[PDB]
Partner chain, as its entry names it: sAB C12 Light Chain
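So this first bit is one chain, no partners, the form solved without the partner chain, shown in structure tokens.
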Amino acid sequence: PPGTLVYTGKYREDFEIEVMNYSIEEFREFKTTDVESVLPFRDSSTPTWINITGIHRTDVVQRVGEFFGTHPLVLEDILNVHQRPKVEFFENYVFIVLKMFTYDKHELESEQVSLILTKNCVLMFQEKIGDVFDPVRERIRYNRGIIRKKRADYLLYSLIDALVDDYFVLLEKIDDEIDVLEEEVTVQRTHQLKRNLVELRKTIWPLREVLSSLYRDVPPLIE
């Protein structure tokens, strides 16, 4: 059937759902491979982060979408790793597509991460285990800052902020390495490593340009 949902990416080894539900006074977290156990949180009056790792499980993605009222067109986008980053506003929910690097001491993998803010839930969809969101998990666990007091829109902002922070750290590491090569480090191979890094840097740099543009120009317009 043409309408068949297809995962377009290359990761198929992991599957797991992690739920963190909290309010100013409490917090409960669990991991499960049973999707039926996370569906009840749909109607939660308090914020719930539902992190679905392994979107190759198109059956799980479809079940979550059907229960939460996600449009099939959005499930196609979640499953298509060639989507562009975006924020899109549906009558009853916000849909966001992001990209995220996974780091390990060149070379660096890229993975798409989608978010849906619906009612009081942030649904997160990842391709494989491993992400940049631990700082947010810890602030929830240990009741740091104000995240525990705020609603699910703040959870959404906090997760995006964690990804922004990761990119800025990543650009800093890329710059420190280019420097190391530029002033140090036989010569012909050293130069081609540099090229590799300056290209990766060119890929990430637009994020900083978009953010700096918003930061500089919006606030005064708001006044």
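Positions refer to the first chain, counted from 1.
The next section is about a form of this same protein that is not shown, the form solved in complex with the partner chain.
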Examine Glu107 and determine whether its closest non-hydrogen atom to the partner chain in the deposited bound form is within 4.5 angstroms.
no
With the partner left out of view, is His56 within 4.5 angstroms of the partner chain in the deposited bound form by any non-hydrogen atom?
no
Though only this chain appears here, would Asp179 touch the partner chain in the deposited bound form if you measure heavy atom gaps against 4.5 Å?
no
Within 4.5 Å, heavy atoms only: does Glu66 come near the partner chain in the deposited bound form?
yes
Partner-contacting position among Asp43, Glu26, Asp165, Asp175 - heavy atom within 4.5 Å of the partner chain in the deposited bound form:
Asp43
Any idea which of 107-115, 149-157, 134-142, 84-92 reaches within 4.5 Å of the partner chain in the deposited bound form, heavy atoms considered?
84-92
Going through 1-21 from first to last, which residues have a non-hydrogen atom within 4.5 Å of the partner chain in the deposited bound form?
none
